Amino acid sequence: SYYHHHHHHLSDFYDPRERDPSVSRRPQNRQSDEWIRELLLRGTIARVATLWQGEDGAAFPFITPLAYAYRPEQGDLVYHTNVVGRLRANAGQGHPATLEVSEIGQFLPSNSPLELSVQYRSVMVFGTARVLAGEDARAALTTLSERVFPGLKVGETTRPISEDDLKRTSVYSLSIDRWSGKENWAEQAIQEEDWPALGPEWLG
């Protein structure tokens, strides 16, 4: 900055910058519904959080990483997992679930400590999960399988999904109520001009 330069020889916010007009003007790094849909379509791993009753009676969340598939027409995501707790912290045949999908890029170095960051794109989905049965479960497991193993075809590449298979597996449909999308994927973190610039080790 001038003040600092001048002091050696002896604000930013409102001053000129370049802006691409094609860029999202949404606050807090938020993204469009279309962007959310497309990120969900290309991901294969999510974390799901659901609530279980703990020792003290209080609900608490599990976090499970797992394979998933977004089914846009049905308005849900499907996954399978045999992870459970004792009792769910919930009344009903379905349970509230939060699902997160992200693309995590590189850590971005800076000479300004609070500008250190990591590149990310991240969606949170809020909805209700329910266990599927019979042909609903078979179809969901097939869609899942054929999504995350591109080119695999159940019944050809694999034997068909049997009744025994279904008995041994908990397959869920998380029906979407709402979702959130967030991106900060800058190429470089903001740097502090009035401190020695990062060396070539960091940015090259």
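Numbering starts at 1 and follows the sequence shown.
- According to the record, 10 or more deposited residues between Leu10 and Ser11 are left without atomic coordinates.
- Across the two stretches, 176-184 and 18-26, the PDB entry reports the greater mean Cα temperature factor for 18-26.
- The question of which stretch, 76-84 or 89-97, has the higher mean Cα B factor is settled in favour of 89-97.
- Note on the listed residues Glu55, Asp136, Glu163, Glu38: the highest Cα temperature factor in the record is that of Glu55.
- The PDB entry assigns the greatest CA B-factor among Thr64, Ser145, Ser32, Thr158 to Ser32.
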